[PDB]
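Per-chain residue numbering starts at 1, and chain names A, B, C, D, E, F, G, H and I are given in the order in which the chains are listed.
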Amino acid sequence: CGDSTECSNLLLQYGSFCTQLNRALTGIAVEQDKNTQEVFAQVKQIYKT
Amino acid sequence: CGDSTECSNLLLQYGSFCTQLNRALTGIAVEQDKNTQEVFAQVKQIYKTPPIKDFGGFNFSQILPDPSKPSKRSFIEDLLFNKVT
Amino acid sequence: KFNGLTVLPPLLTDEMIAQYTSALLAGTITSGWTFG
Amino acid sequence: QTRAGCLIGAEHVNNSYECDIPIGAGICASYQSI
Amino acid sequence: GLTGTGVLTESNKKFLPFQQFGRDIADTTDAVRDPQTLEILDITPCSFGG
Amino acid sequence: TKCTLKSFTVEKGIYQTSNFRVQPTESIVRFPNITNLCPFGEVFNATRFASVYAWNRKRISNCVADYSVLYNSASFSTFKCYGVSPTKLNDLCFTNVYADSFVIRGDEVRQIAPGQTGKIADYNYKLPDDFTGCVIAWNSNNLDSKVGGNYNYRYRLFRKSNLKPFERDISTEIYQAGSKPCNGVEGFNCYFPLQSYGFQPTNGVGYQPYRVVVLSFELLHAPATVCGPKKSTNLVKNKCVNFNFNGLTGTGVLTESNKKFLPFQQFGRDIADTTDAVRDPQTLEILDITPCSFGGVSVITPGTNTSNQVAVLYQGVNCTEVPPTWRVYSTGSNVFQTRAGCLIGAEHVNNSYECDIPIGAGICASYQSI
Amino acid sequence: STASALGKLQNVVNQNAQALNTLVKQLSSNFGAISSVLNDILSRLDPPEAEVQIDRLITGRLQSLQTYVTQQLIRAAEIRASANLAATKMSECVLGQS
Amino acid sequence: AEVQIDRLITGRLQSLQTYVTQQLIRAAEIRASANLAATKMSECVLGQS
Amino acid sequence: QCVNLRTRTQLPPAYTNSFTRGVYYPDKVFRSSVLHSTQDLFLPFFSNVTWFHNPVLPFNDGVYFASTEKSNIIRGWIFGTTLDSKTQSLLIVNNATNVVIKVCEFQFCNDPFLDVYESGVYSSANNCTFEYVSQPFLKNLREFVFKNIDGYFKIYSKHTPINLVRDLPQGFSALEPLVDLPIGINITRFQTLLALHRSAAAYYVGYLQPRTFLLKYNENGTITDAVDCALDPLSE
């Protein structure tokens, strides 16, 4: 819509696509964070040479 | 459409999307059944624990099945089924 | 941040990843496999 | 002011310890005040 | 006649004498020449975010 | 099964073929007691019609409206409805009907239309874009035209801006077209916004006075009070029936509800616009509506390469009601009720052993007879 | 005593229920027509525009259904991967020592 | 203007949906790779295989 | 019987807190045990509401009126633009018997009252359209919501037994619909009516704004809880 009121009003009648789109993207982001944390955080203490 | 002859007549000119949708859903359901079957049915016979239980001092009472309940489940399984809704 | 799309930073920065890697390396060098 | 943006309503401390609510860029918040 | 919204800034990009404006990718008019003062300006959107 | 599988041979398995649904029987119509002739003659056969800039407005409610008596007459030059098909006007119930009457020139009838621009469409009478209703136009040269000239009809010609939909303007003030303010005195670039018509019987088409009336409706905003001429009937319960409650049409079974409607409540829904309750217009009884039974049907066969006997499973349907006619499997064939649904054509035994084609809920069937 | 130890199963159930709920709720949208109910839009118009209205409703609902099916396919694949891992664990760490 | 905006809206909505679906597929593949990497970290760094 | 008062009593224009009052049923449909989100005209939570202990006040989009009245001294209301016979005016009165609702071009005076011993100030009642009679509207907290939309005058009401001393109490009580009038006028201002004895009144006034609310319906279909959507972030 690019910040147009008429476009927003017309889009309003299409349902709730945006909610589920944002939901899917947020799920992807959370999954990325979990992937990194699960791969690397294998230890409980920080050892020193 | 929901019980509308005109809607069905208009829809049938759109091709055969619905056959594909039904096929996909049926495949998913069959996959689920086969999936649980291959996870759990790892044995060929149904072994039974002896009536007398002296396992060197180890106590397996809370994970063995309980004949008292009609469900024939153990303590931990019953605790599990009451915390998922 | 050009036309309604944004990129979010990751939770763990590079320094933390380097610290994890260093900890793993020092542990495996000194303690063998026992520390695991 | 953090690399993820601007945060309002949280008291920044110099102590550091394991956290529960992530925020980003290595910054995270918890409730003791927040 | 070209309408838009954003913040204006003194652009340092050197336009050729016959040039009017500029864009970089996917129809993003990021420069303009005012009809009166004949000055080159660059436009960038004002802040937004979640 | 052969038809839906596109082959002349089928192997052992279970295949889902089609769906069944209980056919509705008879119909139910329920309209309120109130009945009285709707006064359309007074607004249509009115001796005098107001001017276009002062169009006459009337509100009609609490009447029984018949529209066939208006469609049949050919006295109207133009009969154009927008949101509704005219022939169906006798089968709907509205409330708060609006009627507007006025007189214009011959060629201006096109201006009475939503999404139109011109002289009347923006300076005298403006219609909303999504307007629903109808517009009526007829010739009035034989009564509204005078040899001495018609001057009772004036139209607004000059205005500061366009009119809103359903807006009436009656103010007569000098209009300042130029930069010099007239200051309430007519002068240069100052004109009277109201101009009189030149209706004369000598004038031909396009200049004769035409009478136009517009009708506007509402769509489901309140308990309707303007119903059409339809005869009501009794009501039945516990049968999959077609119902028409005061214009709300549907199909299902009706049951004596127990949810307590408040006195201002009319009907009820729970999630996603599912009207599951209603109050009949006459008895004022609360009832609930639920769809009659439907569901999928599948078959069990041991493969046409071996035999031709089949069994039929209706999914998730109670065994009490079953009779796609297929009455052959409804007379005396063996019937069974399982958690998955109802099974017809198979013999239930007490022997348990590792099995062929699965069915569901721990039940499965095989060919020995099935 | 402690709850919220079974987050994975609860998450699966919640995701399925939410997807079904939004699929059902999508049935009340307008999609640019004059209404969202077949019976009223049919009992009010000369067919030649009824085809237009039903076409709008049909295309909207078709898109909604396709989106639902695709999401279901993705979730089913992920669940299958998880259950393959579970079967491997059951075979290895229960029937023997690893 | 409503007709034109409807055409633009449907086109852009379709493009957005295509992008989201592609992202979902790629994320699933990356998650599988990350699981393999975590297994290798656990089995070959913390012990002898 | 027109006369102007010379005492010139001044009702103190205090300010007090709205808290969580002014919630009504938005439509006629029935729901039970469900959360519903609706966008409409309401009274924002925790807003300034003017307290009088009879000036002419603007009407704006809608008006919330409340009175912790004793022995129903407050009787009626007047609505209009100039409150004279030049322009259409609306009059509502509630005497001991059935109420009276009229839509006419009366000639009001500056000090209207019931003339206790229906001739308060109107003396030039000209030709007009709408008249209506129905049941009477009336330590009793009486709350009303008045709206004028789409040529329709909507009136919601509620009566509760109030035991608090001075100001509005903390709690929740939905307003059931009371009456609808199919009349199209250009109301802009309004004023109250008191039946002053002839042989110092307290009420609260607030204005409505459009916003979004979340409502909870219990099993019996009675609104029992609401949440404002445009407030502190937690509400959103």
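Note that contacts are C-beta pairs under 8 Å (C-beta built on N, C-alpha and C of every residue); 3 or more make two chains touch, one makes a residue touch a chain.
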If you tally contacting C-beta pairs, which pair wins, C-E or B-G? B-G
Sort the other chains by how far their Cα centres are from that of chain F and give me the top one. C
Could you please state the distance in Å, as a whole number, between where the Cα atoms of chain E are centred and where those of chain I are centred? 55
Averaging C-alpha coordinates per chain, one finds the centres of chain A and chain B separated by a number of Å equal to 31
Once you find the CA centre of chain B and the CA centre of chain F, what distance in Å lies between them? 46
So, in whole Å, the Cα centroid of chain B is separated from that of chain I by 60
Residue numbers of chain H (touch at least two other chains): 6, 17, 24, 45-46
Contact footprint of chain B on chain G as seen in their complex: 3, 5-6, 9-10, 13, 38, 42, 47, 50-51, 54-55, 58, 62, 65-66, 69, 72-73, 76, 79-80, 83, 86-87, 90-91, 95
Spell out the part of chain A that touches chain H in their complex, as residue ranges. 6-7, 10-11, 14, 17, 21, 24-25, 28, 31-32, 35-36, 38-40, 42
Which of the residues in chain I come into contact with chain F in the complex? 25, 28-32, 34, 176-177, 180, 182, 220-221
Within their complex, chain G touches chain F through residues 24-25, 27-28, 34, 36-37, 39-40, 43-46
Where on chain B is chain F touching in the complex? 3, 22, 26, 33
